[PDB]
Each structure stands twice: as C-alpha cells, then as structure tokens.
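Coming up, as structure tokens: structure 1 and structure 2, two forms of one and the same protein chain.
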Structure 1
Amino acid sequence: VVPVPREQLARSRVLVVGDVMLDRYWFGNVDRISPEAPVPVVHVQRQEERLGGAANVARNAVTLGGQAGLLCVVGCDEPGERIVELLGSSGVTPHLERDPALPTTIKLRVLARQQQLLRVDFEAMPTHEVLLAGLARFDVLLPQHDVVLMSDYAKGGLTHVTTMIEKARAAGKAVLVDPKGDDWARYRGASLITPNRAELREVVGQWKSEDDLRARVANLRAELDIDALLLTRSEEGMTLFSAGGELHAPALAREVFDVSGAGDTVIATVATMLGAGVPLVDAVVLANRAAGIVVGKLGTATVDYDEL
C-alpha cells in the first residue's frame, strides 16, 4: 500500500455514532483481608483513564490524520465531564446529548500485583426523549460527513440505528457497523459490518470449513441488504467478504498483550481510509496493520499514520 498524502487524510470526515465509554483503571496493593468479609483490601496507589467505546473509535480516526465527529449520549457526572475533556485534547468534535438521569458509562478495572480482581460497571439506558433528540442531530450532522460509523455496545445509544442507516444510505453516505448481540436485522442496509468469530456464530452458527463460512456470509448479506462483511478472526487474521471478491490479511502481530480497543481501531481505520477515498481492500489491509500494533499495547490505544 502506497502512502496517502496527509493532506488527503485530513479531508476525511467520519461521523461516529454510538455508545461512549470511560475506561478507568485502579492500581493498588493487597496486604490484608477486610475485617468485614473474607475479601481483599486494595490500597490504590494510581489511576489510569482512557476513552472507551465510540470515543476510542473516534480518537483513533483523528490520530491517523482524519476528522471525526462524535454523536452520543453522556450523563451529567464526572466521568461524563472527563470524556468531554479527553475528547477535547484528542481533537474529536463532540456532539453530546446530556441525560442527567443517565450515569455515564464507565468501566472500572481494579488491579493489584498486575492482575485484575474485579471490574466495576456503571451504565444504564438513555431516555426516549434524549435518543430522539440525538436522531435530530444526526440529520444535521449527516451532510457534514463522508462516512458514518456505528459503534454498538448495546448500551442504548443505537436504538434508532435502523432509521439512521436508512437516512445515511439515502444520502449516499457509506455506513459501517461494529455489531453487538445477535439481532442484526436492525443493521440492514449497512455498507460494512465488522464482527469477530464469536459474534458471527450466534447469528449463523458454526461453520465446518471456509466454504461453509463463505456460504453463510453470502446468505447473511443478501438477507440483510449488507454489502460487505469484515470478519476479525484474531490469530487467523481477518477476511473481507465483498461483492467484488474476498480479501485476507493474516495477523501481523505475534505477541498479544491486551485486546481492548482492537475492534475499535479496525473499524475506525477502515472508516477514515474510506473517508479519504481509498479502496476498501487497502483500507482493510491498513486496518489489520493498525490492529497488530494496538494489541501489543496496554489498555485502549491508538496508532499514528506513520506507524502503519
């Protein structure tokens, strides 16, 4: 893949819509058992914060050189404020609905001696009113972006994904979907869906060969009006199933240290590349190179254009 001039990537406009998250990590020591319960006491010494979910997708898009808008819902709380701050220092243009009744989604990991003891989650469902308000922002934002990205984590932020996909594909805007759950009918009309092996199994069942997989993916795309499917297979790399044929990029990384934000980085890379008007085939290749860097990296991460 030849270089795409930074001036060209800079004109790539990606609208990220989905479930925003704040990844928080508490590192501490465990020297004793609680006096109230047969459980450890963690004396926390340091904290670590990363943008998660759609936010990480969006920030991955800007580090490559592209532009990213973020349409999502947050609460009126400190994690929500932290996300705003982190979005600001990461060049992501925010478009945030605020639900005071909603807790900002935050994934808190607790660690000691370099292992997790627990994960603590705060999350809920945005109100009916708030979601319809975001849908209005979508109509306004849609003409201002070359490509739309749907980052789904089943947190409620994509309840109106179907209508959003229709509006965008009518506008000639390419639509990418990072899926969650098995009910995929909601994703119909998408230009590209990006599941991993586990996610695809719940929809179509276990394949018995590459042919069996190739056939199931083919059925899945016709019955769901989806143009292409990018299957991420970890150790087996990733395989694109488009109408113009297939493409397989073997896993370039040998050592894998942490797999958070892997999927985020992949779909973000393709989107930014597609927004820059580059071929889906090259977009898929670069997405896999990016995925191989992000894996050999602790916590949710990002890649620059040169690293590719």
Structure 2
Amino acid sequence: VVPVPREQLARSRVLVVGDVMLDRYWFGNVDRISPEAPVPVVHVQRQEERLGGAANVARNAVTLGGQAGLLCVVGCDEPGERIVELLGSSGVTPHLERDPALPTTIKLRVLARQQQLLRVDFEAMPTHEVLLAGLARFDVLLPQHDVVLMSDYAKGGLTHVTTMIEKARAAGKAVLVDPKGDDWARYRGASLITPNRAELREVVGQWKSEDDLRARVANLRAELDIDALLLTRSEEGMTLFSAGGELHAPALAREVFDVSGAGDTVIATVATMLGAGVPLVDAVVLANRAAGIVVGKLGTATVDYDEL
C-alpha cells in the first residue's frame, strides 16, 4: 500500500460516539491489617491517570494526523473536569453532555507490590433526557464529519446506536462499531464491526475451521445489515470480511510488551484513514501496522504518522 499525504490525513474528520471513562490507578504499599476488618491497608503513594473508553479511540485518531470529535456523556464532577483537561491537551474536540446525577465513569485500580488488590467502578445509567439531548447533538455533528465511529463499553451512552447508524448511513457516512456484549442486534446498519476472536466467540458460537469461519460470519453479515467485519486474531493477525472477498494481515512488529489499547488503536486508524479517502482494504493494513507498533509500548500508546 502507498503512503498517505500529511495534508490528506489532516482533512480527515472522525466522529467518535460512545462511552468515555477515566482510567485511574492507585499505587501504594501494604504493611498491616485493618484494625476493624481482616483486610489489608493500602497506603497510596502515587496516582496515575489516563483517558479510557471512547476517549482513547479519539486520541489515537488525532496523533495519526486526522481530526477527531467525541460525542459522549460526562458527569458534573472532578473526574469530568479531568477528562475535559486531558481531551484538550490531546487535541480531541469535545462534544459533551453533562448529567449531574451521573457519575463520570471511572475504573479505579488499587495496586501493591506490582499487583492488583481491588478494582473500583463509578458508573450509572444516563437519563433518557440526557440521551436524547446527545442524540440531537449527533444530528448537528454528523454532517460535520467524514466518518462515524461507535465505541461501545456498555455504560449506557450507546442506547440509541440503531438510530445513529441509520442516520449516518443515510448521509453516505461509514459507521464503525467497536462492540461490547453478547447481543449485537443494536448494531444493524453498520459499515464495519470490529470484534476479537473472543468477542465473536461468545456470540457466533464456537466453531471448527477457516472455511467455516466465513460460513458463520457471512450469515451474521446478513442477519444484521452489516457490510463488513474485521476479526482481530492477535497471533494470526486480522482478517477483513467484505462481500467481494477477504483479506489477511498477520503479525508485523516484534514486541509483545503490552497488549492494552491495541484494539482501540486498530479501529481508530481505519476510521481516520477512511475519512481521508482511503480504500477499505488499504485502511485495514494501516490499522494492522498501527496495532503492531503500539504493542511495543505501554497500554494507551499511539502511532503517529512518521511511525507508519
């Protein structure tokens, strides 16, 4: 595949819609047991923070060169303000709906001796009032973007996916979906869906061989008005499923330092590439390289233009 000009990518606008969350980590050391309970006492020494969820996908799109918008719901609190800060410095254009009764989604980790002890989640269901308000935003935001990326983490911000998809398709805009859950009936209409071997395992069912691979997946592309599926197989690489054939893209880089964030990087690349007017086949390759590279770096890591 031929490289893509820096001016082309700079024109690429991606509308990322889904669930944003703040990844927070508490590194401390335990030396004693609580006087009131048979539980350890973590004396926190350090906190690390990073954008997670749909925010991470939008972050990857920017570094590659393209522009990125982020439609999502955030609470009226400190974590909400932190996401706003992190977004502004990451170059992502925020389009946030505020729900004071909603806690900003947080996945907090508590660690000691380089291992986890407990995970703490702050999250709730966004009100119908807020969901429709954001849907109104989507109508205004849709014509301003080249391609739409649905980032689902099942936190509630993607209740109206079916309608959002149908709108973007009606405008000739492609719809990409990073899924979550065993039920994908909500995702009908999508241009492309991007599951793992495991994400697809517990929905299409357990299977046999690579010829039977097409046998089930092509049926799934029929069950739901879904044009293509990109199956990320780690070791084996990944395979696109068009209606006019297939494509394989195995491993590329040679570092398995950290897997986290690889999936988010993949779908973010395809979106940004498509927005710049790049063929789907070529876009899949660029997502594979981006994937391969970020594995040689810690969690939320990003491939920029020069690395491609």
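Under this definition, the rigid core comprises the largest set of C-alpha atoms superposing within 1.5 Å between the forms. Throughout, residue numbering runs from 1 along the sequence of structure 1.
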Flag for residue 44, CA shift 2 Å or larger between the two structures after aligning core: no
Displaced residue check between the two structures: residue 297, CA, 2 Å or over, core reference: yes
Per-residue C-alpha change between the two structures, residue 260, threshold 2 Å, rigid core fit: yes
Per-residue C-alpha deviation between the two structures [residue 79; rigid core superposition; Å]: 0.6
Inter-form CA displacement between the two structures at residue 283 - rigid core frame, Å: 1.6
